[PDB]
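Novice: The structure that follows is given in the form of structure tokens.
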Ligand SMILES: [Ca+2]
């Protein structure tokens, strides 16, 4: 959910405050997302946006009726490695994977400050 995602990013990027650094970045990092991603990090966010959107259409999440920020799945972080919990059911596990993928993606791409707080005209 939101706090787990934030903790997962920190796990991979220990010097960051993801709620400050990765919010409002490019066209997809933060509320909504549309247009063409401005860079690779923006693509990470785009992918993660699509993943949560896919989660919602899942039979398992739908047999229940969650919210990608109301789902208390479990994960751990050891040595900057994120492990989604075996205990997570199919829905929780799919969402946790979306987040773990996003976090690793964030840790693998350049950060371009010029793209921080981008006017959505460019999207
Ligand atoms: Ca977004």
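Along the chain as shown, residues are numbered 1 onward.
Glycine is no exception: its Cβ is also placed from the backbone N, Cα and C atoms.
Straight out of Swiss-Prot:
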type: ACT_SITE; residues: 48; note: active site
type: BINDING; residues: 28, 30, 32, 49; note: Ca(2+) binding site
type: DISULFID; residues: 11-77; note: disulfide bond
type: DISULFID; residues: 27-123; note: disulfide bond
type: DISULFID; residues: 29-45; note: disulfide bond
type: DISULFID; residues: 44-105; note: disulfide bond
type: DISULFID; residues: 51-98; note: disulfide bond
type: DISULFID; residues: 61-91; note: disulfide bond
type: DISULFID; residues: 84-96; note: disulfide bond
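Quick one: where do these features end up spatially?
Specialist: Look at residue 48 (active site): DSSP puts it in a helix. Residue environment of residue 48 (active site) contains 22 other Cβ atoms, counted within 10 Å of its Cβ in all protein chains.
Sequence-distant neighbours of residue 28 (Ca(2+) binding site) (same chain, 6+ residues apart, CB-CB distance under 8 A): 34, 37, 42, 43, 45, 46, 48, 49.
In sequence order, 77, 80, 81, 82, 103 constitute the residues six or more apart from residue 11 (disulfide bond) in its chain with CB-CB distances below 8 Å. According to its DSSP assignment, residue 11 (disulfide bond) is helical.
Sequence-distant neighbours of residue 123 (disulfide bond) (same chain, six or more apart, CB under 8 Å from its CB) are 27, 34, 35, 36, listed in sequence order.
The Cβ neighbour count for residue 45 (disulfide bond), using a 10 Å radius and every protein chain shown, is 23.
The C-beta environment of residue 44 (disulfide bond), restricted to residues of the same chain at least 6 apart in sequence and closer than 8 Å, consists of 29, 102, 105, 106, 109.
Here residue 51 (disulfide bond) comes close to 97, 98, 101, 102: these same-chain residues lie at least six apart in sequence, with C-beta atoms under 8 angstroms from its C-beta.
According to DSSP, residue 91 (disulfide bond) is assigned to a helical segment. Long-range Cβ neighbours of residue 91 (disulfide bond) (same chain, at least 6 residues apart, Cβ-Cβ under 8 Å): 55, 58, 60, 61, 64, 66, 71.
Residue density at residue 84 (disulfide bond): 21 other Cβ atoms are found within 10 A of its Cβ, drawing on all protein chains shown.
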Novice: Out of the disulfide-bonded residues I have (51, 77, 96), which ones have their Cβ sitting under 6 Å from ligand 1?
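Specialist: Once distances to ligand 1 are taken from each Cβ, none falls under 6 Å.
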Novice: If you draw a 10 Å sphere on the Cβ of residue 105 (disulfide bond), how many other Cβ atoms land inside?
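Specialist: The answer is 17.
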